[PDB]
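Just so you know, the protein sequences line up as chains A and B, in that order.
Take the first sequence: its position 2, counted from the start at 1, is 2 in the working numbering, and no numbers get skipped.
Position in the second sequence counted from 1, then plus 51, gives you the working numbering.
Think of the CB as a built atom: it goes at the ideal place given N, C-alpha and C, for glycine as much as any other residue.
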Amino acid sequence: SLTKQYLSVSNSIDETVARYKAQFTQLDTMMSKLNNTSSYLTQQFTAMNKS
Amino acid sequence: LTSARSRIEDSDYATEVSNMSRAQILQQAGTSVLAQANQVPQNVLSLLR
């Protein structure tokens, strides 16, 4: 009953932790994309201004 | 939705840079041709006498 409730709450908590971490992972992938794009945009500006 | 707004709103730096270059050049060339044009009539003045 009590250690049982612990089993249940541990399980539920674990589900929640996986959820949070997964959200963070996807968000960071989006970050990767945008960072790369903006970085090459920046180099292009620097060169074409050096022009 | 952020991406969609970016499409509708955000500009393209590459295109705009090429545009600015073209504009600067047209302006400089215009100034020069104006300099040449101002002179044109003075060939007349040689016939003042």
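Against chain A, a Cβ distance below 7 Å from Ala55(B) picks out nothing, because the smallest value is about 15 Å.
Contact of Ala65(B) with chain A is assigned, a C-beta pair being separated by under 8 Å. Interface criterion met: the Cβ of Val68(B) is under 8 Å from a Cβ in chain A.
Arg19(A) and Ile13(A) have their C-alpha atoms roughly 10 Å apart.
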